Every structure is written in structure tokens, then in C-alpha cells.
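Numbering follows the entry's author numbering, with no gaps: position 13 of the sequence shown is 16.
By construction, the Cβ of each residue, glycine as well, lies at the ideal position given by its N, Cα and C atoms.
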Amino acid sequence: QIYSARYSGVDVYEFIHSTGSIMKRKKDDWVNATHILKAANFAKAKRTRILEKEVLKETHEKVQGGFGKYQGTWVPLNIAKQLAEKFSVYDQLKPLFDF
Numbered sequence: 004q005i006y007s008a009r010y011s012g013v014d015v016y017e018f019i020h021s022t023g024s025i026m027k028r029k030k031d032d033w034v035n036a037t038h039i040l041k042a043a044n045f046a047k048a049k050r051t052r053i054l055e056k057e058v059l060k061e062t063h064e065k066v067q068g069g070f071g072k073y074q075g076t077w078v079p080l081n082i083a084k085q086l087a088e089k090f091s092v093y094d095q096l097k098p099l100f101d102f
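As C-alpha cells, this is what we get:
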């Protein structure tokens with residue numbers, strides 16, 4: 004399911020996945036790419052490696068100051084879709100993307 008929520012003054016849509024929740028911002032449809040990587044079942048050291056190699060060269064926002072589940076690397080919707088496809092979780096996260 005997808006809940007409406009707010010964190011650090013930001014309104015998001017929260018999708019409840021087994022590995023955790025995945026968020027999309029209401030204002031611009033950006034998605035938390037860290038949540039996408041957690042959904043692919045990647046451990047922390049590997050998620051960091053992938054973010055530093057595949058995502059930081061992309062348009063993104065590094066939220067490491069906004070404490071909470073909100074923290075992470077946020078990316079445009081189209082870039083999050085690519086990432087989700089690459090690591091084969093696109094069909095699992097599809098509801099949130101098209102939501």
C-alpha cells in the first residue's frame with residue numbers, strides 16, 4: 004500500500020515494501036534511490052558503492068542532513084525508473100512510480 008506522509012517538512016508518498024518503505028516526493032516526483040537499492044536487497048557497503056558509481060554522476064540531491072527515513076540520495080523519476088530496472092525491482096516498485 005501507499006500512504007501519504009510528511010518528513011522534515013516534505014510531503015511524500017510512502018510505499019510499504021518488505022525491505023522497508025520507498026518514498027516519492029509529491030512536489031516533484033523525485034524518488035529516494037537509496038530506498039530503491041535497499042529494495043534490491045543490497046547491503047550498505049554495496050549500496051554506497053553503487054550510489055557513488057551509478058547515481059552521483061546523475062542529477063540528484065544528497066539529503067544527509069534531513070534526519071529520518073527521509074535521508075538518502077534523491078533522483079528524478081525517470082532516473083529512478085532506470086535504476087529500478089537495472090537492479091530488477093522495477094515491477095515491484097511500479098505501483099509507486101505510476102502512483
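Worksheet item: Should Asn44 be labelled buried (16 or more other beta-carbon atoms within 10 Å of its own) or exposed?
Response: exposed
Fill in: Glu64 in three-state terms, based on DSSP
strand
Worksheet item: With 16 as the cutoff for other CB atoms within 10 Å, does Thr62 come out buried or exposed?
Response: exposed
Worksheet item: By a C-beta neighbour count over all protein chains shown, 10 Å radius and 16 as the cutoff for buried, is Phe18 buried or exposed?
Response: buried
Practice prompt. Look at the alpha carbon of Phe70 and the alpha carbon of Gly12, and state the distance between them as a whole number of angstroms.
Written response: 11 Å
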